[PDB]
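In structure tokens, one chain follows: the form deposited in one PDB entry.
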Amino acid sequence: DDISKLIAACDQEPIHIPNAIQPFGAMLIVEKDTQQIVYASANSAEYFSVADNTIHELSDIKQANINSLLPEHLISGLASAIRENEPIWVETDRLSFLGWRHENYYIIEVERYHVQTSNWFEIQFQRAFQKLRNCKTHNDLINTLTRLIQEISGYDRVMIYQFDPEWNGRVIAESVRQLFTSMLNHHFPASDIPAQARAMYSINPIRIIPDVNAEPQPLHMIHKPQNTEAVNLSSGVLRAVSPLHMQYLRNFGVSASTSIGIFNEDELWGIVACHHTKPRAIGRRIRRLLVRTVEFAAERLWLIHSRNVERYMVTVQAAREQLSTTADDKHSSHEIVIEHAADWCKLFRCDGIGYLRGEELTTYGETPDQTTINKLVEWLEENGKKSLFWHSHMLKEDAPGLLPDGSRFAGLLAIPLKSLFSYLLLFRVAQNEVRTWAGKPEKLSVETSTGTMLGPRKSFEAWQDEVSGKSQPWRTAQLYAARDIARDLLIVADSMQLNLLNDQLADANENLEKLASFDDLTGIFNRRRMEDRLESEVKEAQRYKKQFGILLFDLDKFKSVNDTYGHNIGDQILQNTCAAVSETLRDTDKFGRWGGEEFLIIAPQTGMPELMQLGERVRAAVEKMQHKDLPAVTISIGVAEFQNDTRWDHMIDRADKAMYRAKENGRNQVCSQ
């Protein structure tokens, strides 16, 4: 942690106010209201001697006038400018001026310039934009960017350096001409670019160090300013470089550098870092070119990214359509999970899936055991996180004591499904990412004008470390896809159980209907359904002039059967006779049990002679029916016909008298009266 303190001290050095400049130009600082020159870079006289003859040494600038040192166009522009830190570029024959207003000051930088004329720059823009426009993948864009930046700048090494969410970074593309060792995929620490340093790219996108060993030129006071606090030099390019970073570059083996921040809207997403093994200046026009190219390649990379999102979203919809088309074929949600979880593992970039529904747990791929999965589920409920999803890429740290000791899982995405509980679980094995860093960790202290700080490390040689217990983090697009899949499963599960419950409710109500309208011993209609049916048959026949008749029969000398044989045997006979009678009947007829041992048949659409015929078929059916162990059995049948009757008892009385006459005339008979 002493190194944590050392790194934190890096932020102490006020790099925006070094009171010195790099020597590839000069600088004046003027008061706006006073109109006086208050500061001048120590090499000012070798530049402004072009504007004014008398200026041979620095001390001279005290008696010079600004309106003698600057082109009138730059004075007019500065007098006119209201916005601050918006630099104005005005050039002459031999000097190129860059000036801006900052609070009450006019800061003016001057470089040596000579007019070259060509169409080179416009051709480079056309070629760069054509190539960037043709990039359709992440890797293509960044590599074309590295090629263009290298061809334009001539720097011996160019590399795209992407930041992590913790500010550590990695070289993701690289173009090297000379004998540099390749730094592709090497990781660099946050302390390499302090927050103040990263914040500069937001004020000026390009930083230029044309010579790491160029002695910086301090600013000298010339007329006493009203404020005296060091003037902010951040908007320009001449601002002196921290000696810590110069020694860093020396240790890195770099003589000149140029870096351009890569912005995603207002966020610093990375930098284009360019190195040279010898000093190397870049003119204003090449600076503007590199910056415009990187700004263009940037928005192209954001457009490629946002498009890959839309296209993922399409892929998710295609997967959900795949789910519903297979869903309509009577499968359970567990069956659907088994078929598509391999696709889902690709869709969600996870190593395993587990689905919970009731007592059943379905797993595909790498998963914890059932018991640990329930410890997970329980902890999700007991933690009380009502979040639509719960997710972590370092389970061991975000939820300690949750997993077994040696378990390899680090990522969990859990979607709750309402009730009892249900869940969708997405698992990611920890990826034991071996990281290659550019240099050992070096805890070295360095004494500085601000205090004691971390010094730049001396070795940049490859050093590997390993990260365990972590997975890839769960991207937002995957959270929403997983949520959508989970609910598409809930709809399959809901439809399944709705159908099953409808089956159970129909079966239960059907048993309620069976016990209400049938006879326990025989299974034929009980008397209440016969009585009701007969009453409506009478009403119908009287209203609409239909024809029907009834058969009322009884078992003969049946009590002798019960007493000689038994009640178990007697009931087997009643069941037998009902089975034999039902085979004779037509589907229109209704057959039920009227009393003990007495049965009723309602024969609709039947005239009297055909009725007698049916009574004969019934009487003969019970006669010949196979007795097997039990005794032979006989029925005596009475018959009645609809003769404009008022009430159904009148029919039952007629049929009963006929049936009783059948009993007196020899029991095995059909009788009507």
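The numbering used is simple: start at 1 and walk along the sequence shown. Only residues modelled in both forms are compared. For clarity, a rigid core is taken as the largest C-alpha set superposing within 1.5 Å between two forms.
The gap between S419 and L420 holds 1 to 3 unmodelled residues of the deposited sequence.
Taking the mean C-alpha B-factor of each stretch as recorded, 168-176 and 218-226 are not equal, and the higher mean is that of 218-226. Higher average CA B factor: 640-648, of the stretches 25-33 and 640-648. The entry lists C-alpha B-factors for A508, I206, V254, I601, and the highest of these is at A508. When the C-alpha B-factors of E267, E91, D405, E86 are ranked from the entry, the top spot goes to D405.
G261 sits in the lowest third of its chain by CA B factor, as recorded in the PDB entry. Among all modelled residues in this chain, the alpha-carbon of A45 has a temperature factor (C-alpha) in the middle third. In this PDB entry, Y248 carries a Cα temperature factor that places it within the lowest third of its chain's modelled residues. When the modelled residues of the chain are ordered by their C-alpha B factor, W594 lands in the middle third.
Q126 sits in the lowest third of its chain by CA B factor, as recorded in the PDB entry.
A second form of this protein, the form deposited in another entry, is not displayed here; the remarks below concern that form.
In this overlay on the rigid core, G549 has a C-alpha that sits 2 Å or more away from its partner position between this form and the one not shown. After superposition on the rigid core, displacement of the C-alpha of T577 between this form and the one not shown amounts to 2 Å or more. The protein segment that moves between this form and the one not shown, counted as a run of at least three consecutive residues with every Cα displaced by 2 Å or more relative to the fitted core, is 503-672 alone.
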